[PDB]
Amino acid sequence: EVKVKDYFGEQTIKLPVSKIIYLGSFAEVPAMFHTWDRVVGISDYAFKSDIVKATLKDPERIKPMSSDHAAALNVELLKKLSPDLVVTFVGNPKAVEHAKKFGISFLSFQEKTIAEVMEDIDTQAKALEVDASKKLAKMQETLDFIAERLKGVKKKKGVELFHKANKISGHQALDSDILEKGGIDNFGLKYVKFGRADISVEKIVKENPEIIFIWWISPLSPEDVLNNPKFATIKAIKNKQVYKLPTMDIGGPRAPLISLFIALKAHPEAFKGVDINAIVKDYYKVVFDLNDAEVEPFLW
């Protein structure tokens, strides 16, 4: 066994771990540690991640799960896959402790900043018995580098859109930490006190964002936003600063590249003497151990 801490407190994990289910988050953790073989179920959203796509050789061996936080597609299917470990994103605290009552261990997470993402990867690295230290150091190195390029640069007024064109992120939202590290002053902070929530369109027009990002799982395309008549007076629409976020799970090892991506779109002048592709290339090589042929489709 190992003792690790999560959302609920100290959990003891009996080693070694054989069968894991990933729910709601952390879908790229098995790519970074090469543990696809121990994974027996995962939220269906994961199949769309391009790093999952490139490192998971036999996708249909793995059962697709809900993806909805939480409650839907739960208890009996769990017992059917017989996992010794369930890694899950705490949507509902009571929906999760009720489940933990059934004989198998849960590592439960509710990460809200990229530093919390890194801590929670390290948690899971202890249970999977891998050394994450070099991979985490690369993550942090990437954040140091962004922060350095944006030192003294004025933050751009912006926002992200989610399931619909008036759903945005505010306080206690991983998406909001990622935008912040990409040099965005997210007006969502001013209207949403937890997570992601709607606001009236009138407010979006009043805040008049200079740039707008779109959650990689949203059904919206940039075109859907640019041609919305309700948005015609917004700087970001006039100037075509509407960007869809890459196919990268926010809760996991590529969260620093999402900030880099946002920093690049928002503050191009801060990165003009910078070899972006060298940085992206070394990130994928260190974090996921891809060789040169494998990295190319991940280059920007």
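From 1 onward, residues are counted along the sequence shown.
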- Query: Is the mean CA B factor in the deposited entry higher across 94-102 or across 221-229?
  - Reply: 94-102
- Higher average CA B factor in the deposited record is what I'm after, so tell me if that's 70-78 or 174-182. 70-78
- Item | C-alpha B-factor winner, where the candidates are 211, 132, 161, 189 | 132
- Task: Please pick out which of 87, 118, 165, 150 has the largest Cα B-factor as recorded in the entry.
- Result: 150
- CA B-factor ranking of residue 274, expressed as a third of its chain: highest
- Message: Considering every modelled residue of the chain and its Cα B-factor in the PDB entry, is residue 114 in the lowest, middle or highest third?
- Response: lowest
- By the entry's values, the third containing the CA B factor of residue 20 is the lowest
- Item | Assigned third (lowest, middle, highest) for the C-alpha B factor of residue 62 | middle
- Query: Where does residue 128 sit by CA temperature factor within its chain: lowest, middle or highest third?
  - Reply: highest
